[PDB]
Amino acid sequence: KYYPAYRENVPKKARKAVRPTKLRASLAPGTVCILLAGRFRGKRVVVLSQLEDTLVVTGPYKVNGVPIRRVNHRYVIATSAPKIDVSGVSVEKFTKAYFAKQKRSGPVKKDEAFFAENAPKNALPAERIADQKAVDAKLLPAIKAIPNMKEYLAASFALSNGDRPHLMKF
Amino acid sequence: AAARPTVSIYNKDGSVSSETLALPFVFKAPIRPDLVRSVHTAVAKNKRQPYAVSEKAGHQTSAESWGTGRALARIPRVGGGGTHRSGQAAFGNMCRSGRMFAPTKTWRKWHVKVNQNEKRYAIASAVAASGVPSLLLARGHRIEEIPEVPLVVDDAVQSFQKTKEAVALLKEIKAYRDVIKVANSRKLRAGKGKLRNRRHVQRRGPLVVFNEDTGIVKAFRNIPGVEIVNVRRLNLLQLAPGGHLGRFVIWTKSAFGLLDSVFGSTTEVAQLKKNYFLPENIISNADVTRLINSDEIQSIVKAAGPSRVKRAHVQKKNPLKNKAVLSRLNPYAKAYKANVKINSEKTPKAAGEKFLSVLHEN
Amino acid sequence: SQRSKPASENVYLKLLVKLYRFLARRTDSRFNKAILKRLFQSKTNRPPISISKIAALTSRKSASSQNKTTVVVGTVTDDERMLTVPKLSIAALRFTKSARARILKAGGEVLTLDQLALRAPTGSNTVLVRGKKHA
Amino acid sequence: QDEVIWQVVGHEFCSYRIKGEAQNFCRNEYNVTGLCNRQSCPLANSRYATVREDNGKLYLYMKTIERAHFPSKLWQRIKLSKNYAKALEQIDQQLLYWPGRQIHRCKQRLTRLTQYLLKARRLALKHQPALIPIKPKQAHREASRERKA
Amino acid sequence: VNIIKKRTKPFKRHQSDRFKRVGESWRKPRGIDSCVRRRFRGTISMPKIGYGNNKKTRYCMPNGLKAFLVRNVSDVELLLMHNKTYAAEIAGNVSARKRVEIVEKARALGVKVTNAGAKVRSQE
RNA sequence: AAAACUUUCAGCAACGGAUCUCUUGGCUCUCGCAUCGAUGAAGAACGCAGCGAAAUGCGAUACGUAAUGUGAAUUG
RNA sequence: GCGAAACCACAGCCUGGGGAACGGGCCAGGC
RNA sequence: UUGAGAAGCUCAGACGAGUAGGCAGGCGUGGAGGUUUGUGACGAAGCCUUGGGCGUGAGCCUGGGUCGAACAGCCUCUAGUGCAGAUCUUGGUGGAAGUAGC
RNA sequence: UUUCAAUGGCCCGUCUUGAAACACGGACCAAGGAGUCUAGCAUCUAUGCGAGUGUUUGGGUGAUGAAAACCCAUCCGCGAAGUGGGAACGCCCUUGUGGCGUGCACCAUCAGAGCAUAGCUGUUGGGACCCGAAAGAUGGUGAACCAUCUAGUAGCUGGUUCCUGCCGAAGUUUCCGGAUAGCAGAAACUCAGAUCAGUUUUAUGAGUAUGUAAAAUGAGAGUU
RNA sequence: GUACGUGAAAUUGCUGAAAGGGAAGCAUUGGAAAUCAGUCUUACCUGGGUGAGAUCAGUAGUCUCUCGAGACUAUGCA
């Protein structure tokens, strides 16, 4: 089954090497940024760290209820609000595999859930909540130190009448 | 130019004999599919009955042109009355019951001449093709278990009297696989041909070639597909059916020994054909691969270029945007120093009063 | 009918064109290029050359024909008017039956264009000849 | 021989040729590729090797120029092991000093014939619905009698 | 490798929609004073060799395969080596007795069949 | 603007007899043969069929008689 | 109640301009 | 590296209106020789279809319906071989019209 | 597929005409419906043989169709009746460069190629691409009518049936319905170290232009 | 169902849907509605266990080709 049965034209050696993504100047960690798309559109969140392509971002759980989530850097408006101290919270655990969708597996035998559809359900482990409970612990004092930050992140950004996005500065 | 010297002769029980026959020179004749199918095309026309329409069809009625300008076509319309023919047109291809354009005539050329030497060439080339097993297979013969090609049998076959004797021989030399093919292929012909005494169609079986008849014809004629012929009057209609080379031919020992007298050699005249010599070939050895890939020729050819060559310059890259291509084209961009300070701290204003006065005029 | 392939349907003529197609491009000889061009030519443009013309042309003026093969892309007919045939070596597309017998019995040999390609693949020591087209 | 055979069969008429729009195919059972080419023609190639299957066992078939006029003894046959690695080496040993294109095409056919046998075994184990023909006469009869019923 | 079709609309004969006597099959307009022949603005298009499709993807179905008409099991076995390039297409006149045996044979061969569910039902 | 009416599309029913398939017919070619009539011809008419649509057959011995042959039909 | 035939490219408001008629089809206006 | 239907494969560049006319290659029809160890009452041919596909096109393949006995692909041979027109021929059928009228 | 929206879109063929205008043909659909067969001639290609070539008037023969195939006695037809440039080759030897020889076909200077068949094309006869024009004559029936010759005669009228691709004019000099030529292709030749041009110059002359001769620019050119 | 095989087109009636200020009309691009093709994970790799059997036997026979190549038979399944 192993000797190639067909012509099997091998692809020519490509010369597209993978180089690191260059993020924007203003997408620094600790920036209060507005989510543009997704289920949390309009929510203001705090950038923890920059992943290979995306931003590992989170809004404080008790402020706007935006968990530790990845967001694409093109789908984020980086406001010029004062920075937040994020050097105090470790972000090494936020890797590609940490946010990676759990593998769709499970050796379900014939019938029962296979046919009768007694399927199981998903639930977020306490491990994710445990790490999350730490980040607001190390972030809430920082946002409380400066005024209006707690109220800022709670509100949701929106466009009013007569608002020109190209003119007005973020 | 080198071929098998002898052929083996098989017995009634399909067993080989110790006797052998030198291969006749006709099997070394050139094989000319162009010439065979050109001669076949003409010979196949030489038993055609004439056809033609009646010499008065479409003109039996009587009609005249009513005139021009009467709001109708000026074609003659049948006169009289009482019958619906009144006003109906004839004497023309378009008009119903009219003369069809250019009525077919019996003196069309039905037969076609071929030079007798071309005909002998084609039959020689068709006999040669019948000694090539690959040409037999490509023409639709089930010879995959035949002991040998050419297939020569003993002369005792020439005196078979019963068909079941002939069928036993075909089964012993594995030649019945071709007869079974012909029996299975018998279908009703498609078209109007089956209204015209062409009811059925089928394939062609082996061609049995004898020398003298002692019942071989009557013992083989009822086997579906088998055609029996005499070596003295070989037929191209039977040696290349449809114009296709490689008919499965079974020879008797006496017929194979009389092939040298029927066809002769390329240097010696045929005994049975006055002043006939086998055709010569434009090439002695017809393996062009052997000539091309020979030591004599491959020793003087220049070193072969590659096979299908690589594509150099699939896409054009601009040196003024691609720095890598610029570095290739110009091995000097690495040390250019485009901006060099010339006027450091001197800049002497050089414009005399004479020039200023001329400039500042009017 | 003369440019890139012969108009002939002869299978063996196509095998010679195939052989000299290889010889023309894999060798730097103008003989192989000239022979290949004359294989595409029609019967009208390939006149026969008599056995007498070959004998006359080889032993002409200073003669000294030595043993150079005479090459014609055409038919070598016979000239019964001449009575003594010299020892000749001719390579041609076709020989007539009388010409072939006269050449062989009177000394030398007859070759095909593929037998000569194996003897002189570059056509060295060959006398390339042509028949008169006046007709 | 071979170049004369190919001109007659490859370009005038072969009973094995299926003329398709993009390619010509070969009805010959002894063709490795199944295409009509000069290299894959079994008739025009005096030295030819192919792999074909007999009742679940793959065999290497070879013919030589010296047996060309003995049709009953033209093709020789050897058994190829069920072990794929041994089957590849069997083709290499039997086809030693043959052209690399002919060994290449025999190993390619061994892979496709091994996959087909593998797929044939897996189809036997599975339960697949049986295809039952639709009879035009019975459908017309039952449709008319149903209307009356 | 994606199949690109330069055009999907057929080329209809001019004035074929005004008359039933004039069929849709394309006929070259021989009229000299015809606006369609001279290719004015608003006139229909004509078959040109420019519309010819890529040679590599010519005769290819949208799934990437080339149709191969099959009349019996022997035809489908030819596609043993070409099952990634060709799809078996059983002829319209092949009976249901043979259509089932072609489909079962084409299943083991790993060959796609374009009309495998024709003139048959299923019985699981 | 909905209806009606008009137009377009499709379904079904009509109308028509194309296409397909065939066919005790035609057409063509070849071969064998030599045989009308005053001993009433060819043709025409009128009659006979239990009925026959005609058509065929026959002639007041009328869809035939004698003789020979086959041997059980005839038939709507 | 019985009942045709001629004719039939397709159509059917004007106003102008549109050079070759152009108005019945084209262009700008009314309907 | 397998890419020798050498009638193949492959690389590169330029170019693209077209009447009369010149040239080349293809599509389709009736019949004939060969072939497909061809298709068919488990449904041939034909016809129908807002089913699907292929081809630049002529055209071809196919699903469903209808139908009932024959038919096709490939190489070659052959010809009474391809229609929108001829105030074309034959047949059928419309608007005018339920009008003119009797 | 239907339908809507935006934008565009004059009825097809024929003849005419720069072009159109036109005038014609078209109610609709189906089926039929027009460069065919044959004799001669010439070119070209293929095939066979070749100073030869052609079996088929005929004879022999052919048991499986026997009008086929196969064979050929005597005729006869048609045919037969030196110097330069140059293809190709060898030898060098400063080796490439060139030179030294041998020199086909053909052109300049003073050692038979046919015959037969097939196809293509052109052409001339036959009905001759199809439909088209009063007839006339012969013989009959009661000036008329009918049958045949007849498919009579056509420079003229209308029509003349599938696709794609590649080339592509001229619409006029000149003599005079024409023979030329020009325009556009085919084949064979010789050449890129050779020539050429709806070219621009230089300068000679001649009268700002003019023609001629010899620099730039472009293209491989000249033939038969 | 003798208005009788198949039963096209023009044409007509009914039914349904859609459209509709003095034409239809076709082309190009989409929408809407209706309706289709049009497809799926299911196999590969790597085990281990269990038994299974030959193209495996520190095996015995027969047959067809030509020692060994195919087909089988008996036995073992290390």
# chains A, B, ... in the order shown; residues from 1 in each chain; ligands from 1
call {"tool": "select_by_dssp", "arguments": {"residues": "chain A", "states": "alpha helix (DSSP H)", "output": "PyMOL selection string"}}
result
chain A and resi 96-99+126-145+149-154
call {"tool": "write_last_selection", "arguments": {"atoms": "N, CA, C and O atoms", "output": "compact mmCIF listing (two decimals), in the first residue's frame"}}
result
# COMPACT_ATOMS: atom_id res chain seq x y z
N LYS A 96 -0.73 28.87 23.06
CA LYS A 96 -1.68 28.45 22.03
C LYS A 96 -2.47 27.23 22.48
O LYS A 96 -3.67 27.12 22.19
N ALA A 97 -1.81 26.30 23.17
CA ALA A 97 -2.50 25.10 23.63
C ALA A 97 -3.45 25.39 24.79
O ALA A 97 -4.43 24.67 24.98
N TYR A 98 -3.17 26.44 25.57
CA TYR A 98 -4.04 26.78 26.69
C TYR A 98 -5.43 27.16 26.22
O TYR A 98 -6.43 26.75 26.81
N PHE A 99 -5.52 27.94 25.14
CA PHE A 99 -6.80 28.34 24.57
C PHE A 99 -7.30 27.38 23.51
O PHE A 99 -8.43 27.56 23.03
N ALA A 126 -12.49 24.07 36.87
CA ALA A 126 -12.11 25.04 37.89
C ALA A 126 -10.68 25.53 37.71
O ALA A 126 -10.32 26.58 38.25
N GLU A 127 -9.86 24.79 36.96
CA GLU A 127 -8.50 25.23 36.69
C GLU A 127 -8.48 26.55 35.94
O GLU A 127 -7.70 27.45 36.27
N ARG A 128 -9.34 26.69 34.93
CA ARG A 128 -9.44 27.96 34.21
C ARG A 128 -9.93 29.08 35.11
O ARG A 128 -9.43 30.20 35.05
N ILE A 129 -10.92 28.78 35.96
CA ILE A 129 -11.41 29.78 36.91
C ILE A 129 -10.34 30.11 37.94
O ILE A 129 -10.24 31.26 38.38
N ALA A 130 -9.55 29.12 38.36
CA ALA A 130 -8.51 29.37 39.35
C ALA A 130 -7.47 30.35 38.84
O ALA A 130 -7.07 31.28 39.55
N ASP A 131 -7.01 30.16 37.60
CA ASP A 131 -6.09 31.13 37.01
C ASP A 131 -6.77 32.47 36.80
O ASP A 131 -6.15 33.52 36.99
N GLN A 132 -8.04 32.46 36.40
CA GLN A 132 -8.76 33.71 36.22
C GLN A 132 -8.90 34.46 37.54
O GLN A 132 -8.70 35.68 37.58
N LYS A 133 -9.22 33.76 38.63
CA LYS A 133 -9.37 34.44 39.91
C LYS A 133 -8.09 35.13 40.33
O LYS A 133 -8.13 36.09 41.11
N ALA A 134 -6.94 34.67 39.83
CA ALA A 134 -5.68 35.30 40.18
C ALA A 134 -5.47 36.62 39.44
O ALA A 134 -4.92 37.57 40.01
N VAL A 135 -5.89 36.70 38.18
CA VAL A 135 -5.54 37.86 37.36
C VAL A 135 -6.29 39.10 37.83
O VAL A 135 -5.72 40.19 37.90
N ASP A 136 -7.58 38.97 38.18
CA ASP A 136 -8.29 40.11 38.73
C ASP A 136 -7.77 40.47 40.12
O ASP A 136 -7.84 41.64 40.52
N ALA A 137 -7.24 39.49 40.86
CA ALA A 137 -6.62 39.80 42.14
C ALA A 137 -5.41 40.70 41.96
O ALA A 137 -5.17 41.61 42.77
N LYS A 138 -4.63 40.46 40.91
CA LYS A 138 -3.45 41.27 40.62
C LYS A 138 -3.75 42.48 39.75
O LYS A 138 -2.86 43.29 39.51
N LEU A 139 -4.99 42.61 39.26
CA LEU A 139 -5.36 43.73 38.39
C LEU A 139 -6.32 44.71 39.03
O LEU A 139 -6.22 45.91 38.76
N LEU A 140 -7.24 44.24 39.87
CA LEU A 140 -8.22 45.14 40.47
C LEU A 140 -7.59 46.29 41.26
O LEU A 140 -8.06 47.43 41.11
N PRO A 141 -6.57 46.08 42.10
CA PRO A 141 -5.93 47.24 42.74
C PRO A 141 -5.36 48.24 41.75
O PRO A 141 -5.40 49.45 42.01
N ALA A 142 -4.84 47.77 40.62
CA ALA A 142 -4.29 48.68 39.62
C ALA A 142 -5.37 49.56 39.02
O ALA A 142 -5.17 50.77 38.84
N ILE A 143 -6.53 48.98 38.69
CA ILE A 143 -7.59 49.78 38.09
C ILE A 143 -8.27 50.66 39.14
O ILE A 143 -8.81 51.72 38.80
N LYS A 144 -8.26 50.26 40.41
CA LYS A 144 -8.85 51.07 41.46
C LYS A 144 -7.98 52.27 41.82
O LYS A 144 -8.50 53.27 42.32
N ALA A 145 -6.67 52.19 41.58
CA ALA A 145 -5.77 53.29 41.93
C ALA A 145 -6.11 54.55 41.15
O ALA A 145 -6.14 55.65 41.72
N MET A 149 -11.51 54.13 36.15
CA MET A 149 -11.12 52.93 35.41
C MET A 149 -12.11 51.80 35.63
O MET A 149 -12.45 51.08 34.68
N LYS A 150 -12.57 51.61 36.87
CA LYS A 150 -13.54 50.56 37.14
C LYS A 150 -14.85 50.83 36.40
O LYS A 150 -15.47 49.91 35.86
N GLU A 151 -15.28 52.10 36.37
CA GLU A 151 -16.50 52.44 35.66
C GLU A 151 -16.28 52.44 34.15
O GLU A 151 -17.22 52.16 33.39
N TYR A 152 -15.06 52.75 33.70
CA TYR A 152 -14.76 52.75 32.27
C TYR A 152 -14.93 51.36 31.68
O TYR A 152 -15.63 51.18 30.68
N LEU A 153 -14.30 50.36 32.30
CA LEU A 153 -14.31 49.02 31.73
C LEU A 153 -15.69 48.37 31.84
O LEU A 153 -15.99 47.44 31.09
N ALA A 154 -16.52 48.84 32.77
CA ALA A 154 -17.87 48.30 32.89
C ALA A 154 -18.75 48.73 31.72
O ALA A 154 -19.58 47.96 31.25
call {"tool": "residues_around", "arguments": {"residues": "residue 192 of chain I", "least_positions_apart": "4", "cutoff": "12 Å", "atoms": "only C-alpha atoms (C1' of nucleotides)", "output": "PDB file with N, CA and C atoms (P, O5', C5', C4', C3', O3' and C1' of nucleotides), in the first residue's frame"}}
result
ATOM      1  P     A I 219      14.830  45.910 -36.169  1.00  0.00           P
ATOM      2  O5'   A I 219      14.482  45.092 -37.489  1.00  0.00           O
ATOM      3  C5'   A I 219      13.133  44.895 -37.879  1.00  0.00           C
ATOM      4  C4'   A I 219      13.026  44.449 -39.315  1.00  0.00           C
ATOM      5  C3'   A I 219      13.680  43.120 -39.658  1.00  0.00           C
ATOM      6  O3'   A I 219      12.892  42.001 -39.296  1.00  0.00           O
ATOM      7  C1'   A I 219      14.281  44.724 -41.275  1.00  0.00           C
ATOM      8  P     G I 220      13.588  40.575 -39.041  1.00  0.00           P
ATOM      9  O5'   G I 220      14.106  40.139 -40.482  1.00  0.00           O
ATOM     10  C5'   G I 220      15.197  39.244 -40.627  1.00  0.00           C
ATOM     11  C4'   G I 220      16.163  39.727 -41.679  1.00  0.00           C
ATOM     12  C3'   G I 220      15.616  39.821 -43.094  1.00  0.00           C
ATOM     13  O3'   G I 220      14.855  40.993 -43.322  1.00  0.00           O
ATOM     14  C1'   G I 220      17.693  38.717 -43.142  1.00  0.00           C
ATOM     15  P     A I 221      13.881  41.082 -44.596  1.00  0.00           P
ATOM     16  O5'   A I 221      14.818  41.638 -45.755  1.00  0.00           O
ATOM     17  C5'   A I 221      14.368  41.657 -47.100  1.00  0.00           C
ATOM     18  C4'   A I 221      15.489  41.365 -48.063  1.00  0.00           C
ATOM     19  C3'   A I 221      15.065  40.858 -49.431  1.00  0.00           C
ATOM     20  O3'   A I 221      14.666  41.897 -50.305  1.00  0.00           O
ATOM     21  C1'   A I 221      16.795  39.491 -48.590  1.00  0.00           C
ATOM     22  P     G I 222      13.453  41.665 -51.330  1.00  0.00           P
ATOM     23  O5'   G I 222      14.139  40.950 -52.578  1.00  0.00           O
ATOM     24  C5'   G I 222      15.270  41.525 -53.213  1.00  0.00           C
ATOM     25  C4'   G I 222      16.042  40.503 -54.008  1.00  0.00           C
ATOM     26  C3'   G I 222      15.269  39.790 -55.104  1.00  0.00           C
ATOM     27  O3'   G I 222      15.156  40.556 -56.290  1.00  0.00           O
ATOM     28  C1'   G I 222      16.476  38.205 -53.841  1.00  0.00           C
TER      29        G I 222
END
call {"tool": "closest_residue", "arguments": {"among": "J:71, J:56, J:63, J:34", "to": "residue 17 of chain J", "atoms": "only C-alpha atoms (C1' of nucleotides)"}}
result
J:34
call {"tool": "closest_atom_pairs", "arguments": {"of": "segment 3-64 of chain H", "to": "segment 35-54 of chain J", "cutoff": "9 Å", "atoms": "only C-alpha atoms (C1' of nucleotides)", "output": "Markdown table"}}
result
| residue | atom | partner | partner_atom | distance |
| --- | --- | --- | --- | --- |
| H:50 | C1' | J:35 | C1' | 7.5 |
| H:51 | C1' | J:36 | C1' | 6.7 |
| H:52 | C1' | J:37 | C1' | 6.2 |
call {"tool": "write_last_selection", "arguments": {"atoms": "C-alpha atoms (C1' of nucleotides)", "output": "PDB file, in the first residue's frame"}}
result
ATOM      1  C1'   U H  50     -37.463  24.554 -14.776  1.00  0.00           C
ATOM      2  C1'   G H  51     -32.848  17.050 -13.418  1.00  0.00           C
ATOM      3  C1'   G H  52     -27.129  16.914 -13.812  1.00  0.00           C
TER       4        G H  52
END
call {"tool": "residues_around", "arguments": {"residues": "residue 5 of chain H", "least_positions_apart": "2", "cutoff": "9 Å", "atoms": "only C-alpha atoms (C1' of nucleotides)", "output": "MDAnalysis selection string"}}
result
(chainID D and resid 10:11 24 36:39) or (chainID H and resid 7:8)
call {"tool": "write_last_selection", "arguments": {"atoms": "N, CA and C atoms (P, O5', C5', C4', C3', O3' and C1' of nucleotides)", "output": "PDB file, in the first residue's frame"}}
result
ATOM      1  N   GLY D  10      -0.702   0.622 -32.849  1.00  0.00           N
ATOM      2  CA  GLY D  10      -0.837   1.861 -32.112  1.00  0.00           C
ATOM      3  C   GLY D  10      -1.455   2.985 -32.900  1.00  0.00           C
ATOM      4  N   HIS D  11      -1.480   2.871 -34.227  1.00  0.00           N
ATOM      5  CA  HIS D  11      -1.876   3.976 -35.079  1.00  0.00           C
ATOM      6  C   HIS D  11      -2.864   3.624 -36.174  1.00  0.00           C
ATOM      7  N   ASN D  24      -6.602   7.730 -24.479  1.00  0.00           N
ATOM      8  CA  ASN D  24      -6.974   6.423 -24.994  1.00  0.00           C
ATOM      9  C   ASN D  24      -6.636   5.363 -23.958  1.00  0.00           C
ATOM     10  N   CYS D  36      -3.364   3.462 -23.414  1.00  0.00           N
ATOM     11  CA  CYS D  36      -2.752   3.182 -24.709  1.00  0.00           C
ATOM     12  C   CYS D  36      -1.566   4.120 -24.875  1.00  0.00           C
ATOM     13  N   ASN D  37      -0.364   3.590 -24.683  1.00  0.00           N
ATOM     14  CA  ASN D  37       0.869   4.323 -24.910  1.00  0.00           C
ATOM     15  C   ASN D  37       1.819   3.409 -25.655  1.00  0.00           C
ATOM     16  N   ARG D  38       2.973   3.956 -26.028  1.00  0.00           N
ATOM     17  CA  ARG D  38       4.003   3.127 -26.638  1.00  0.00           C
ATOM     18  C   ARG D  38       4.701   2.265 -25.594  1.00  0.00           C
ATOM     19  N   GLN D  39       4.912   2.803 -24.389  1.00  0.00           N
ATOM     20  CA  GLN D  39       5.630   2.068 -23.355  1.00  0.00           C
ATOM     21  C   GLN D  39       4.753   1.067 -22.625  1.00  0.00           C
TER      22      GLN D  39
ATOM     23  P     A H   7       6.792  11.384 -34.194  1.00  0.00           P
ATOM     24  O5'   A H   7       5.237  11.520 -33.891  1.00  0.00           O
ATOM     25  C5'   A H   7       4.650  12.812 -33.803  1.00  0.00           C
ATOM     26  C4'   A H   7       3.149  12.762 -33.697  1.00  0.00           C
ATOM     27  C3'   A H   7       2.594  12.089 -32.446  1.00  0.00           C
ATOM     28  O3'   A H   7       1.410  12.769 -32.037  1.00  0.00           O
ATOM     29  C1'   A H   7       1.779  10.988 -34.371  1.00  0.00           C
ATOM     30  P     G H   8       1.494  14.048 -31.070  1.00  0.00           P
ATOM     31  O5'   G H   8       2.151  13.484 -29.738  1.00  0.00           O
ATOM     32  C5'   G H   8       1.472  12.527 -28.944  1.00  0.00           C
ATOM     33  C4'   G H   8       2.353  12.013 -27.838  1.00  0.00           C
ATOM     34  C3'   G H   8       2.794  13.038 -26.811  1.00  0.00           C
ATOM     35  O3'   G H   8       1.801  13.312 -25.839  1.00  0.00           O
ATOM     36  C1'   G H   8       4.654  11.767 -27.490  1.00  0.00           C
TER      37        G H   8
END
call {"tool": "select_by_dssp", "arguments": {"residues": "segment 2-103 of chain E", "states": "strand (DSSP E)", "output": "list in words"}}
result
residues 66, 67, 68, 69, 70, 86, 87, 88, 89 and 90 of chain E
call {"tool": "residues_around", "arguments": {"residues": "residue 85 of chain C", "least_positions_apart": "3", "cutoff": "8 Å", "atoms": "only C-alpha atoms (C1' of nucleotides)", "output": "list in words"}}
result
residues 55, 82, 102, 103 and 106 of chain C
call {"tool": "interface_residues", "arguments": {"of": "chain A", "to": "chain D", "cutoff": "12 Å", "atoms": "only C-alpha atoms", "output": "ChimeraX atom specification"}}
result
/A:1-8
call {"tool": "write_last_selection", "arguments": {"atoms": "N, CA, C and O atoms", "output": "short mmCIF file (atom, residue, chain, number, x, y, z; two decimals), in the first residue's frame"}}
result
data_model
loop_
_atom_site.label_atom_id
_atom_site.label_comp_id
_atom_site.auth_asym_id
_atom_site.auth_seq_id
_atom_site.Cartn_x
_atom_site.Cartn_y
_atom_site.Cartn_z
N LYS A 1 0.82 -1.20 0.00
CA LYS A 1 0.00 0.00 0.00
C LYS A 1 0.85 1.26 0.00
O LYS A 1 0.32 2.37 0.05
N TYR A 2 2.17 1.10 -0.05
CA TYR A 2 3.08 2.19 0.30
C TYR A 2 3.86 2.77 -0.88
O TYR A 2 4.12 3.97 -0.88
N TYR A 3 4.25 1.97 -1.86
CA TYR A 3 4.89 2.53 -3.04
C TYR A 3 3.89 3.40 -3.78
O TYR A 3 2.78 2.94 -4.08
N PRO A 4 4.23 4.65 -4.09
CA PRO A 4 3.24 5.59 -4.65
C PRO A 4 2.60 5.05 -5.92
O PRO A 4 3.28 4.80 -6.92
N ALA A 5 1.28 4.87 -5.87
CA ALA A 5 0.55 4.26 -6.97
C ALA A 5 0.32 5.20 -8.13
O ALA A 5 0.05 4.74 -9.25
N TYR A 6 0.42 6.51 -7.92
CA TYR A 6 0.10 7.49 -8.94
C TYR A 6 1.35 8.31 -9.26
O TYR A 6 2.44 8.05 -8.76
N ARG A 7 1.17 9.31 -10.13
CA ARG A 7 2.28 10.19 -10.47
C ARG A 7 2.77 10.95 -9.24
O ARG A 7 3.98 11.09 -9.02
N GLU A 8 1.83 11.43 -8.41
CA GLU A 8 2.13 12.06 -7.14
C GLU A 8 3.18 13.16 -7.30
O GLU A 8 4.31 13.08 -6.81
#
call {"tool": "residues_around", "arguments": {"residues": "segment 113-121 of chain C", "least_positions_apart": "3", "cutoff": "7 Å", "atoms": "only C-alpha atoms (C1' of nucleotides)", "output": "list in words"}}
result
residues 283, 291, 296 and 297 of chain B; 16, 91, 92, 93 and 124 of chain C
